[PDB]
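Here PDB author numbering runs 420 ahead of the position in the first sequence, where the first position is 1. Only one structure is covered here, and it is reproduced in the block below.
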Amino acid sequence: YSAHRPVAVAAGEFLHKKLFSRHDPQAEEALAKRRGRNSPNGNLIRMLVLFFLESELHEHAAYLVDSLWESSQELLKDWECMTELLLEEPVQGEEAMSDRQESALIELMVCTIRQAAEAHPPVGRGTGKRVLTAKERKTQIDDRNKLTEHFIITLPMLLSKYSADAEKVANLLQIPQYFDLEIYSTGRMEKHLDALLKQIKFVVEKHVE
DNA sequence: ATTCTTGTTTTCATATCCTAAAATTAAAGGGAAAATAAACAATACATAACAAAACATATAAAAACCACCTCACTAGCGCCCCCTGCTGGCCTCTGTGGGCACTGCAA
């Protein structure tokens, strides 16, 4: 949580090297990134959640995610994993996903996908001298595509699980600012758009905040 | 009457021209691997602008240095008794020199 971004990024790289050894032995593949299933990376997500819980020096993981951005690029785009570890009760036999842990994971997702859309660091870490390379912009575009197609699917039953949670709805409705809407015209998923519209209508008529 | 030169058509002849079948050869068409070039994007280098640090000047601020004044000390030479001891006449009291009257003795 240093104000100076290079110090924070170095600390986050150290943290990623240290506290992530569930199935990655910091060695070769075929057991390190993913074991071909929808399960190994769950525990990495788990001590991300626990680290955000214990880090009481911040109500938001914005600085933490920004520090852990470039070191864990492949891990932070695997949104489907903690998506099943948030909604549909995975086959790992773990405990119930705690409400405080649910809010922590949702805040982590807010941070990760907003840094996925816009690459500029937050205020205090800001520079203003940013130039976009071709690789940067193509990663941004296909990142936008994959998050759009993933989360037009996930947000309906996300809301259906968390309709009454005011702060979780407020956190979850910042991502649609970063959705390319013509993909809906190409993806033909306006029906899921309308389902989410009815769902957020239910939230609006159920919430007065 | 018989013999001899000269000019002009006839017909083989020998080079040439034309004709067509082979062959053939170069053009030319297409498949494909190099391949230079070019369009775009990234990195590094150089230039310009802004802000701050460093250098130089002025000024005055104690502050140091030098010279003059002043209040003493240090020499200096009379100045003035003052006391003490020798010296050179001075004078008068003893004392040195002498004239002479006087006496005791024994003629």
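Idealized CB from N, CA, C, for every residue including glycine.
Got a sec? Which residues, its chain only, sit under 7 angstroms from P445 by beta carbon, not counting five neighbours each side?
-> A452
6 angstroms CB neighbourhood of residue 362 in its chain, flanking five on each side removed | Here the chain covers residues 421 to 629 and nothing more, so residue 362 does not appear.
So is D614 buried or exposed if we call it buried at 16+ other beta carbons inside 10 Å?
-> exposed
Can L435 and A481 be called in contact, C-beta distance under 7 angstroms?
-> no
In chain order, which alpha helix (DSSP H) runs of at least 4 residues are fully inside the segment 433-480?
-> 462-474
Any chance you could list the alpha helix (DSSP H) runs of at least 4 consecutive residues sitting entirely within the segment 533-612, in chain order?
-> 554-581, 586-592, 602-607
Close-in-space but distant-in-sequence residues of the same chain around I561 (CB under 8 angstroms, 5 per side omitted) | none
From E556 to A539, what distance separates their C-alpha atoms?
-> 9 angstroms
Do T574 and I603 have their C-beta atoms within less than 7 angstroms of each other?
-> no
For the alpha helix (DSSP H) containing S492, list its first residue and its last residue.
-> No alpha helix (DSSP H) contains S492, which DSSP labels as neither H nor E.
Do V543 and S487 have their C-beta atoms within less than 7 angstroms of each other?
-> no
Using the rule of at least 16 other Cβ atoms within 10 Å of the residue's Cβ for burial, across every protein chain shown, is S492 buried or exposed?
-> buried
Just the Cα atoms here: how many angstroms apart are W489 and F622?
-> 35 angstroms
Helix, strand or coil at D498 [DSSP, three-state] | coil
Verify whether the separation of the beta carbon atoms of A524 and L473 is less than 7 angstroms.
-> yes
Mind reading off the beta-carbon distance from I533 to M502? Whole number of angstroms is fine, and I expect it under 8 angstroms.
-> Actually they do not touch by this definition, with Cβ atoms about 12 angstroms apart.
Could you check the C-alpha separation between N461 and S422 for me, to the nearest Å?
-> 28 angstroms
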